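K.L.:
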Amino acid sequence: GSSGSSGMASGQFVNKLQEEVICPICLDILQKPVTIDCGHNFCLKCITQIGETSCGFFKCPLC
Ligand SMILES: [Zn+2]
Ligand SMILES: [Zn+2]
């Protein structure tokens, strides 16, 4: 930024408020956010498993 003290900085960073998507299963950032008919999204690494174990319908923890 811009302050009297040259070389160092007070400590303020401007940014915009936004929302982040995380997998409620593995609790980690999902590279590719795949939105399910349920509404929420998940990580392929996770969806892939559920899809197999369950072929008929899909169960969601958030829902
Ligand atoms: Zn996951
Ligand atoms: Zn859901």
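Heads up, the sequence shown is in the working numbering, so the first residue is 719 and it goes up one at a time. Backbone N, C-alpha and C fix where the C-beta goes; we use that ideal spot for every residue, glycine too.
1) With 16 other CB atoms within 10 Å as the buried threshold, where does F760 fall?
2) Give a single yes or no on whether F760 has its beta carbon closer than 7 Å to a heavy atom of ligand 1.
3) Answer yes or no: the CB of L780 versus the heavy atoms of ligand 2, is any distance below 7 Å?
4) Assign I740 to one of three DSSP states: helix, strand, or coil.
5) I754 by DSSP, collapsed to three states: which one?
P.N.:
In short, the structure shows the following:
1) buried
2) yes
3) yes
4) strand
5) coil
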